[PDB]
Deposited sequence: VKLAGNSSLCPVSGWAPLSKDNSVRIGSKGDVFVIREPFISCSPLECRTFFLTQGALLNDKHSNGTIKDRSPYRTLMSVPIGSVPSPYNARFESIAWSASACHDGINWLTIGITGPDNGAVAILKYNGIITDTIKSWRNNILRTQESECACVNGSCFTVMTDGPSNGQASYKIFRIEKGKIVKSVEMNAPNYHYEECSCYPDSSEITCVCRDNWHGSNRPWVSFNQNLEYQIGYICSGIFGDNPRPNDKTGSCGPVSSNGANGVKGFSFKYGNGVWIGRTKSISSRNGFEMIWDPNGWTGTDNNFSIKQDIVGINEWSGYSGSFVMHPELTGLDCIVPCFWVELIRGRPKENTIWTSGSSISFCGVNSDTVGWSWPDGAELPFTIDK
C-alpha cells in the first residue's frame, strides 16, 4: 500500500543517533567506495543509504559531474562497497524516495548545458526531464517527499551565483503528472531538503547567491506554493555571519556560497540544523527555536551537540519515517550529516527525533588521513 503522508510531524525534544557507517575507517583496508553526497531514504520495510560514486575505491589510483558518476545504495549503516551496493541510476545529481510500493530514483546526468533528469520507477526508466536553462540542471541530493502515492522534488536550472530557475514536480509511478515553475525573484534554491507533513510538502533549501539564512518553499499536491526565508536570527547556512537580528528575506552578509541543509517547521517554531563554525564546514548542532520560522530574534530554547567544532562536517539533509514503517500515528523527523574527509570521500551519521531523553555528543568520522 502507498504512504498516506497525511499525519503531522511528531513533536520532538531531542535527536537520538540512528546510524553510523564508519566507511573511511573500514575502507582503509577494505574495498569501500569513495562516496560523495550520501543521503538516506526509507521504504515501509527498511531505510537505505543512497550515495554517488565514480567507481573508485578508497586507497586506489582512480580516486564532480563525470560520466562515470552513478547513484548506488546500501542498507543503512553498512559500508558502501562494490560487493553489497545496489545500483540505482547513472547520476551526478540525484534524489530517491519510496512511495510505499516501489523505489523512485531521479538521476541527473549529461553535459552541463544539456543535462537530463532520468526518472526510474522500480528500476524502469519511466520519464525524463530536459534542462530548461542549459546551466547545470540539479536536484535535492536528498530524499524526495511522497504523499498519497505521489512524490515531489524540487529542481534548479541556472547559475549558482545569481538568479536561477526553480521548478516543482509531481511524480506518480515515475511519471511527471504536473510541473510548476516557481516565480521567486531575488530567491535562490539549491539542494532542497523536502519532507511531508499533513498532506503538504515543505522544502528547506540553500541560498548560494546572497543568503545566509535558508530559503523555504511549501506546496500542496496540486503545486500551489508559498515561498520565504527562515526568518530566525539563528542563521542556518555555512558560511554565515554571527547571530543577530535576522531578516525574513535573504541575509546578504556572508550570503554567497553555502552548504546543503535542512530545517523542520513546527508551527511558528523551527528545528534548525547547522554547522557550529560560521566559516568552515565544521561541527553540527540542532537548535530548537519556538518562534524561528517567522520571528527575527536570535533567542533559542534547546541546543543539542551533534558534531564537535574540531571535526569535519558537511552536507546535511532531512528524511522521514512514515507511520507505515514505524507503526506510529505521526511522521518521525530524521536527518543525516555527511562527514567529509580529504581523494575526497565522506561517511554519514543519521539521527531521528525522539520525545525521550538524549545526549549531545560528537560522532565524528575518525579516519587517520
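Residues 64-68, 348-354, 382-387 of the deposited sequence have no C-alpha coordinates in the model.
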